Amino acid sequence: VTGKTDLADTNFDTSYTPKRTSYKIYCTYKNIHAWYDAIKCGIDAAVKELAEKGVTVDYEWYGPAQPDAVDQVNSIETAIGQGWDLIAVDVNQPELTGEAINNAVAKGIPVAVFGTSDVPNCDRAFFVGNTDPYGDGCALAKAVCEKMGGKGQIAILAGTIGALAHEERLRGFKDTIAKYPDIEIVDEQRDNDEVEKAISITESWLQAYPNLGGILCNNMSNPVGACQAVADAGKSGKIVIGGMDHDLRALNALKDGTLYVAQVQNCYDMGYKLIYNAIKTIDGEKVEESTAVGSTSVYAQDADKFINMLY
């Protein structure tokens, strides 16, 4: 990912003059994944604009190879004493990280939260990100259920056990499917955000459920794997697949018909607006406490537009 989408705000006020000429921001996010590359695009755009105004923003971009709730706490505690003006967090475990945030705030360092979900019950100054993973799950599930004519069998790739946004999307899937009583959810399995596991899960489902009619995929990786397995079995377009996020393989699968709908989030503004609001916070200025970046459903007719803008 090198650009943004049409979701990004075109009317965001950046006229405020920062009360310093230099700022240092430590970013710590749940785990390495291509998804975060789309946020980093917004960060790098804000730093450029602020460099033209004689303002130098330096930042570190840290995430572990695999998610580790304690590592995230440790990353916050250790950054406190390293001379950062603000700590930006994409959250692993809200309760554990909340307390780590409060410790950083108590010791004089403001904290921003960004990305997939907010920690509203902690002393973070502001949030920029998706305020509604449940709704994203509902959007995908409604689209797939309606495309299936409100009847048939759906299987659910459910991602990583206990991951907040995965679990909220999954709750949205099920609450929505419940509104179509002629649809049966035959199974749900945890791919753990691994493409190969999503492939193997889907392969098993194609054997076990000859009548499978739809698959819902709650993270950026599992639509890739569902589409690959469905295409390899010759079932592209005959099983209705809906998934999260913007992997180029998923967006290309929209064009070829294997994927029906992708739910793309405004990752760019998560990073772009994080920087500008961080500065207002470091300076003591007020800023919107919760900025919702938004998301939208992308079908085949919008695939090329999103591919071109993101890649």
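Just count from 1 along the sequence shown to find any residue number.
Would you tell me which stretch averages the higher CA B-factor in the PDB entry, 46-54 or 259-267?
-> In the deposited entry, the stretch with the higher C-alpha B-factor mean is 46-54.
Looking at the entry, does 122-130 or 80-88 show the higher mean C-alpha B-factor?
-> The stretch with the larger mean CA B-factor is 80-88.
For the listed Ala250, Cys27, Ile32, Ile279, which has the peak Cα B-factor recorded in the PDB entry?
-> Among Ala250, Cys27, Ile32, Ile279, the highest C-alpha B-factor in the entry belongs to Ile279.
Looking at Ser22, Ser290, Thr296, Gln301, which has the highest CA B-factor as recorded?
-> The C-alpha B-factor peaks, among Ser22, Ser290, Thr296, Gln301, at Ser22.
Third assignment of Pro110 from its chain's C-alpha B-factors | It falls in the top third of the chain.
What third of its chain's C-alpha B-factors does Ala233 belong to: lowest, middle or highest?
-> Its C-alpha B-factor belongs to the middle third of this chain's values.
Quick one: classify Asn102 as lowest, middle or highest third of the chain based on its Cα B-factor.
-> It falls in the top third of the chain.
Chain thirds of CA B-factor: placement of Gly242 = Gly242: CA B-factor falls in the lowest third of its chain.
Compared with the other modelled residues in the chain, in which third is the CA B-factor of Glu188?
-> Bottom third by C-alpha B-factor.
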